[PDB]
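Report on the following structure.
Coordinate-derived values only; no laboratory data. Neighbour counts run over all protein chains shown; Cβ positions are idealised from the backbone, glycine included.
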Amino acid sequence: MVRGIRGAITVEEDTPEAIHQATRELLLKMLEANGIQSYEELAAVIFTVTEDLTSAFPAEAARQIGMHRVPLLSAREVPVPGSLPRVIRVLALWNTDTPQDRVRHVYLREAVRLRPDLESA
Amino acid sequence: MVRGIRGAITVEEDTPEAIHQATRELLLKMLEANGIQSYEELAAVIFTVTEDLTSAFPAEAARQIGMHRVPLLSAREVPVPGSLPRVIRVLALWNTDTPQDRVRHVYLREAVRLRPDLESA
Amino acid sequence: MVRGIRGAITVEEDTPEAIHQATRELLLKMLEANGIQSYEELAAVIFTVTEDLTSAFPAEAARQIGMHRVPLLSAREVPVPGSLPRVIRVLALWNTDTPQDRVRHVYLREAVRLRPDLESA
Ligand SMILES: [Cl-]
Ligand SMILES: [Cl-]
Ligand SMILES: [Cl-]
């Protein structure tokens, strides 16, 4: 049994340096938030990028933090009018028996605006 | 162990009202067809939309039926010439030991044309 | 518990005959490399294609080798400048307890250039 973990983060520019940094930061925070101890717990990680980000592969950033042995895939997000620009989204598939309500999803920088429900009191 | 569940549905127009309704209908029918009792059985749900649908996020529709705690991701489908227009596709990842041939895939409206094998006698 | 299996292959032209052949070849090699004995071991398979490939659905090729009962989904890859053209990527989600370092990822034709780490001595 598997639990997905969602993440999202924004960048201010379509450059590799920006995209790679943001992706590394988000991945590490997703793992930390969930108490993951090894990349071996990850079945796979899927990324999406908005259409305004073409300069870099998020999987390259994941390999900068050593995710060579984690299977990675990336795709393009739907360009909805008025939706948040320059977003990197992550779906990590985690081999765990953690209950669904104990999985922690991580939305950073302006991406917090995507999920106001995940703000809490 | 995990089983994917596929769904697909068409809409007649690229509007949020159409996309959201179709997505809600399809998701509920996928769950019902498979005898799912809780959203907690879902590892994650991945959506795709054809390039002729940009007005809405399918994940927003999933949140209208309460999928806040289900990890969701969306992407764009390949624009193959002559392929069916205005299709919302769903891949639900289901934590189950159901055999592969007992999983029920759900193709609604004109999307039945995608999978004539799933028509039966 | 699930392990992803990555594959990738290139084609020389955007035609169905080329895309379908390459997809069939890659899928079978991914299964063989990992000692998979039944399609029932596959939770789902996700494909991506680069933006320069629109003539065919990789899932149609998977159905030419009988993957009707395997849930399939396809999406478009990020068009990064200078990245390899005409690539079909595969993420197979495999129900297995195989350790992460014993899963075999398969990169064929020019797609070997994507992952020089997977060349070995
Ligand atoms: Cl959370
Ligand atoms: Cl079925
Ligand atoms: Cl390998």
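General remarks:
- Between copies, the label points at residue B:112 (set 7 angstrom from Cα along Cα-to-Cβ) are spaced 4.9, 4.9 nm, reported in nanometres from shortest to longest.
- Modelled spin labels at residue B:101 and residue A:97, positioned 7 Å past Cα toward Cβ, are 3.1 nm from each other.
- Computed magnitude of the charge dipole of chain A (debye, nearest 20; Cβ of K, R +1, Cβ of D, E -1): 260 debye
- Calculated over chain A: convex hull of Cα atoms, volume per residue (Å³): 106 Å³
- Copy-to-copy label separations for residue C:82, where each label sits 7 Å from Cα toward Cβ, in nm and ascending: 3.9, 3.9
- Shortest-first distances to equivalent copies, position residue B:17, nm, label 7 Å out along Cβ: 4.9, 4.9
- The label point for residue B:29 and the one for residue A:84, both projected 7 Å from the Cα toward the Cβ, are 3.2 nm apart.
- Fluctuation leader among B:80, B:45, B:90 - chain B, Gaussian network, Cα springs under 10 angstrom: B:80
- Mean residue ellipticity, 222 nm, helices only, the protein assembly as shown: the sum of -39500 (n - 2.57) across DSSP H runs of n ≥ 4, divided by residue count and rounded to 500, is -7000 deg cm²/dmol.
- Net lengthening on full extension, residue C:113/residue C:38 (0.36 nm per residue, minus Cα-Cα): 24.0 nm
- Here chain C carries DSSP beta bridges of which approximately 70% are antiparallel, counting only pairs with both residues inside.
- The residue list A:78, B:53, A:106 was ranked by how far each Cα lies along the charge dipole of the protein assembly as shown toward its positive end, using unit charges on Cβ atoms, and A:106 comes out on top.
- More than 38 Å apart - percent of Cα-Cα pairs taken over the protein assembly as shown: 8 percent
- Working from Cα pairs under 8 Å separated by at least six residues, relative contact order for chain C is 44 percent.
- The Cβ shell under 11 Å around residue B:107 holds other residues with a net charge of +4, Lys and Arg each +1, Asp and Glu each -1.
- Cβ nearest the rotation axis (B onto C), residue from chain B and distance to the nearest whole Å: B:75, 2
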